[PDB]
Amino acid sequence: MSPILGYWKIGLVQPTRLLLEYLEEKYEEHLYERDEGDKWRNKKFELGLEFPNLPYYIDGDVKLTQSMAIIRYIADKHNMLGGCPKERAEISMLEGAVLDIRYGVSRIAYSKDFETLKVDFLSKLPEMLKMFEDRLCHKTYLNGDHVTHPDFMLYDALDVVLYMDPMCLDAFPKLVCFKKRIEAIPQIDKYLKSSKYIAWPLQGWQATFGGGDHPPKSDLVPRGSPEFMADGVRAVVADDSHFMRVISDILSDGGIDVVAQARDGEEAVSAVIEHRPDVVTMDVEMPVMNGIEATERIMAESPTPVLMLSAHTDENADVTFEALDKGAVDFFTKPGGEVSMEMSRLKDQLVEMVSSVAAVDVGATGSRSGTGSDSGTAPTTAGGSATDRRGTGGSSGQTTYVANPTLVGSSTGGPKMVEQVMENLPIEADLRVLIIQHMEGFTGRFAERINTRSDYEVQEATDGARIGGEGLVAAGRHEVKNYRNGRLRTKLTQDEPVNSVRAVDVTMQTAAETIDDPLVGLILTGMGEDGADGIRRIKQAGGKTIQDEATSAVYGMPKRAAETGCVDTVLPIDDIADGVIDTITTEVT
């Protein structure tokens, strides 16, 4: 079953019906913020959402309730929350955007509908005088010269016509549109009641439409549609105490599930495999045996995609990043503290994750663990640098080459599927690789391994560690530029996010107008479409763009890796340096 991916989404009821408790807990505010006199002039605060389960809509604009659906596709199939805490900035306040764009650009429709209803009431108002003037001069030929006359019996109108007030010149054209709405809200409540086939486009709207941030208010049905059929997405508890995993009720809404609950890192391995979920949501320190080993004690048995909750202390940057070599995929950026109004958002950083972490069949497990083969360390860059680390450095076999590095990153899949790619960057070859990823000190313990393990030194980006001899790397508020001398460095970028993410796309787009031909860009495993509209121009001209399915897990960054054609081919992961050094062979020489 593969449509189960769409079934593995809409835990996607929590992002949906989530801000309705931002109406009863935010309109009962516009209430006793008023006093004992403002008691009968504040309720008409339309509980605006979208209900096929029950009767409830937005006052007229079904577009803005679909426009808030042209939005949740990318916000979930690109994973904006399960990464860095700054990646969700223009997103909790862009909820209020479309909210206050319908609370902001929905009286440019009202006032302009009493405008369009004023013009017609005053486009036939020339034809009431023209149907009064031409009505007062025909008994003048009928009657036996009965005079009274028309014109002096006419300027009573043109007096009254402009003696009119907005109650007749703006509100009488207004006492009609919503009066004609009594002749309209039938067929707006007949489209979805006398028919059950509005969910047919809606339950089919979970696979189209594009935007990008968090303004889904309550689109895809209230809590309980029985169409949540067959098998849901369960997820096992593992936190250090009782309250930590409203953190047990983070899932108990109508999507992702809880199954097992245990403080012990041993009563979990004796729990997550009993009543199979699809992810064990687990942490660092566990009583009797540790969470560092509470995954490989369950991996060397049942490699379940583990959700590593890690409230880092700057030393947990290894528990979060050694357990990736033990079997992690995407890690939660575990918090804790002020229980207020953010748990509504703090859950999408967890449940949308498994709606992206539990988005795996048995592929990643059955990729190097079908038998008893441990991958090991590194081979040798045969097609490139090994042919140099095996012959004569003298002018016999030398190359007319240049020393300009080729750049490039990733995210979910950075932990291991990107690490096996960087561990073969030879010191004999002057290069520089991009890494911009999902994480706070994790940029100082994710390049520390390629530094020590791989036989070359890669660094954490400071205020300009110009690079080739090491590596760019580090997503840390992170524009490498050119002086007047010929090469590049490592400079930072920190405005409002490029593509609303905190920003893989910008540093790829920069290089199309910065260094060129001896420059490469590559895509591996994340979930964003950034490296699709950015390196689009590097291959729309001259600059190689580089994933295939067999190696990694969830594909949302390589999901649209063939809709463009700028990519040369496909490419899974094993010994990438054999080729990613062969791209610095013919265009640098």
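Under the √(5λ) rule applied to the eigenvalues of the Cα gyration tensor, what semi-axes describe the equivalent ellipsoid of region 113-178? Give them in Å, descending. Each step should come with its number before you reach the end.
Values: eigenvalues 195, 28, 11 Å².
Listed largest to smallest, the semi-axes of region 113-178 are 31, 12, 8 Å.
Just how large is the dipole of the chain about the Cα centre, in debye to the nearest 20, putting +1 at every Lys and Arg Cβ and -1 at every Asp and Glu Cβ? Each step should come with its number before you reach the end.
On the way: 61 positive and 94 negative charges, 323 e Å.
The calculation lands at about 1560 debye.
Write down Rg/Rh for region 452-491, rounded to two decimals, with Rg from the C-alpha atoms and Rh from the Kirkwood relation over Cα pairs.
Values: Rg = 11.1 Å, Rh = 11.1 Å.
When Rh is taken as the Kirkwood radius, the ratio is 1.00.
Report, in deg cm²/dmol and to the nearest 500, the calculated mean residue ellipticity at 222 nm for the chain, where each DSSP H run with n ≥ 4 adds -39500 (n - 2.57) and the sum is divided by the residue count. Intermediate results must be reported in sequence, preceding the final value.
On the way: 24 runs with 131 residues, N = 589.
When only DSSP H runs of four or more count, the value is -4500 deg cm²/dmol.
Using the Cα centre as the reference, give the magnitude of the dipole from point charges on the C-beta atoms of region 1-79 (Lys, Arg: +1; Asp, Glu: -1; all else neutral), rounded to the nearest 20 debye. Before the final figure, lay out each step's value.
Details: 11 positive and 14 negative charges, 95 e Å.
Around 460 debye, computed over region 1-79.
At most 15 other Cβ atoms within 10 Å and a DSSP loop assignment: could you name the trypsin sites (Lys or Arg not before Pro) in region 52-129 that fit?
On the way: sites: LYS63, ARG72, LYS77, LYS86, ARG88, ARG102, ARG107, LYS112, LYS118, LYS124; in loops: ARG107, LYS112, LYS124.
For trypsin sites (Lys or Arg not before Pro) across region 52-129 that sit outside H, G, I, E and B with at most 15 neighbouring Cβ atoms in 10 Å, the list reads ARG107, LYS112, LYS124.
Less than 11 Å from a label point 7 Å out along the Cα-to-Cβ axis of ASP568: which backbone N atoms in region 395-434 qualify, by residue?
Counting backbone N atoms under 11 Å from the label point, the list is empty.
How big is the charge dipole of region 142-268 about its Cα centre, in debye rounded to the nearest 20, if each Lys and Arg gets +1 on its Cβ and each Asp and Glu gets -1 on its Cβ?
Numbers: 12 positive and 20 negative charges, 96 e Å.
The dipole magnitude comes to about 460 debye.
Would you tally the net charge around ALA359, using a Cβ to Cβ cut-off of less than 13 Å, leaving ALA359 out, and scoring K and R as +1, D and E as -1? Show your work: numbers first, answer last.
Working: positive: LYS9, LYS77, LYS559; negative: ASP76, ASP278, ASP330, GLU352, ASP361, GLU549.
Overall, the nearby charge balance is -3.
Over region 379-589, what lengths in whole Å, largest first, do the semi-axes of the equivalent ellipsoid take, defined as the square roots of 5 times the eigenvalues of the alpha-carbon gyration tensor?
Numbers: eigenvalues 121, 77, 67 Å².
Over the Cα atoms of region 379-589, the ellipsoid semi-axes are 25, 20, 18 Å.
Across 20 Å bins from the origin, how do the percents of Cα pairs in the chain run, short distances first?
All Cα pairs considered, the percentages come to 17, 42, 24, 11, 5, 1, 0.
log₁₀ I(q)/I(0) of region 286-394 at q = 0.10, 0.23 Å⁻¹, via Debye over equal Cα point scatterers, no solvent, to two decimals?
-0.46, -1.30
Please list the radius of gyration and Dmax for region 223-374, considering alpha-carbon atoms only, with Å as the unit.
According to the Cα coordinates of region 223-374, Rg and Dmax are 15.1, 49 Å.
Report ³J(HN,Hα) in whole Hz for each residue of region 574-583, in order, from the Karplus equation J = 6.51 cos²θ - 1.76 cosθ + 1.60 where θ = phi - 60°; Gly and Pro get x.
6, 10, 6, 4, 4, x, 6, 9, 6, 7
Say the dipole of the chain comes from +1 at the beta carbon of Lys and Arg and -1 at that of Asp and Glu; which of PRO405, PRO226, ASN485 then lies farthest toward its positive end?
Farthest along the dipole direction, towards plus: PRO226.
Starting from the eigenvalues of the Cα gyration tensor, five times each then square-rooted, give me the equivalent ellipsoid semi-axes of region 187-243, largest first, whole Å. Working shown, then result.
Numbers: eigenvalues 196, 54, 32 Å².
Whole-Å semi-axes of the equivalent ellipsoid: 31, 16, 13.
When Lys and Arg each count +1 and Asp and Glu each count -1, what net charge do the other residues less than 13 Å away from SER552, Cβ to Cβ, add up to? Walk me through the numbers before you get to the answer.
On the way: positive: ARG368, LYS416, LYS559; negative: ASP330, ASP361, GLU419, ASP548, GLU549, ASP574.
For residues surrounding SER552, the net value is -3.
Per residue of region 263-269, what does 6.51 cos²θ - 1.76 cosθ + 1.60 with θ = phi - 60° give for ³J(HN,Hα)? Whole Hz please, x for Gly and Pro, Karplus curve as stated.
6, 6, x, 10, 5, 9, 3
Considering only DSSP states other than H, G, I, E and B, which GluC sites (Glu not before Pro) in region 130-230 qualify as loop sites with at most 13 other Cβ atoms within 10 Å?
Details: sites: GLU133, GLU183, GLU227; in loops: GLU227.
Within region 130-230, the qualifying GluC sites (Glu not before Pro) (loop, at most 13 other Cβ atoms within 10 Å) are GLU227.
Please label the shape of region 154-222 as rounded, prolate or oblate, based on the square roots a ≥ b ≥ c of the eigenvalues of the alpha-carbon gyration tensor (a/c under 1.5 means rounded; beyond that, a/b larger than b/c means prolate, else oblate).
On the way: a/c = 5.02, a/b = 2.63, b/c = 1.91.
Cα axes put region 154-222 in the prolate bin.
Over all distinct alpha-carbon pairs, what is the Kirkwood Rh of region 473-589 in angstrom? Before the final figure, lay out the partial values.
Details: mean 1/r = 0.0654 Å⁻¹.
About 15.3 Å for region 473-589.
Taking the Cα centre of region 190-316 as the origin and placing charges on Cβ (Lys, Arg +1; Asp, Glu -1), which of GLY212, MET289, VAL246 is farthest toward the positive end of the dipole?
Of the options given, the answer is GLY212.
Taking θ = phi - 60°, what integer Hz values does the Karplus form 6.51 cos²θ - 1.76 cosθ + 1.60 yield along region 121-136, in sequence order, with x for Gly and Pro?
3J(HN,Hα) across region 121-136, in whole Hz: 4, 10, 9, 9, 5, x, 9, 9, 5, 5, 10, 10, 3, 6, 10, 10.
Along each of its three principal axes, how wide is the spread of alpha-carbon positions in region 401-503, in whole angstrom units, largest first?
Largest to smallest, the principal-axis extents are 39, 37, 20 Å.
Taking the alpha-carbon centroid of each part, what is the distance from region 257-302 to region 431-505 in angstrom?
Taking the Cα centre of region 431-505 as reference, the centre of region 257-302 is 35 Å away.
Work out the FRET efficiency for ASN451 and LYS559 from their Cβ-Cβ distance, taking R0 = 30 Å, and round it to the nearest 0.05. Spell out each step's value before the answer.
Working: r = 32 Å, r/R0 = 1.06.
Efficiency for this residue pair is about 0.40.
Would you work out if region 447-522 is rounded, prolate or oblate? Take a ≥ b ≥ c from the square roots of the eigenvalues of the alpha-carbon gyration tensor; rounded if a/c is under 1.5, else prolate when a/b is larger than b/c, oblate otherwise. All intermediate terms of the calculation are to be shown ahead of the outcome.
Values: a/c = 1.70, a/b = 1.21, b/c = 1.41.
Because a/c hits 1.5 or more and a/b fails to exceed b/c, region 447-522 counts as oblate.
All of the numbers you see were taken from the coordinates with simple rules; none came from a lab. Note that we place each Cβ from the backbone using ideal geometry, even for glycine, and neighbour counts take in every protein chain shown.
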